[PDB]
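K.L.:
Numbering (the entry's author numbering), first residue to last: 2355 to 2402.
Here's what the structure looks like:
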């Protein structure tokens, strides 16, 4: 019981959820639509 409780406390000390959330927040701020437009332009150039 003590082992499990201390493991739970240690895991919650790091708070992996906060790190994942921060990474997700930064991920959205990149200009993704520019990349999508560039891909569309490449395929359009190929078709043309």
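Where is the CB? At the ideal position from N, CA and C, for every residue including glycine.
In whole angstroms, what separates the C-alpha of residue 2396 from that of residue 2402?
P.N.:
Counting from 1 along the chain shown, the entry for residue 2396 is found at position 42. Counting from 1 along the chain shown, the entry for residue 2402 is found at position 48. Each residue's alpha carbon lies about 10 angstroms from the other.
K.L.:
Taking only the alpha-carbon atoms, compute the straight-line gap between residue 2355 and residue 2371 and give it to the nearest angstrom.
P.N.:
Counted from its first residue, the chain shown places residue 2355 at position 1. Counted from its first residue, the chain shown places residue 2371 at position 17. Near 24 angstroms, if we compare the C-alpha coordinates of residue 2371 and residue 2355.
K.L.:
What did DSSP end up calling residue 2369 once you bin it into helix, strand or coil?
P.N.:
Mapped onto the chain shown, residue 2369 falls at position 15. In the structure shown, residue 2369 sits in coil (DSSP, three-state: anything other than H, G, I, E or B).
K.L.:
Can you tell me which of the three DSSP states residue 2362 falls into?
P.N.:
If you number the chain shown from 1, residue 2362 lands on position 8. Three-state result, residue 2362: helix.
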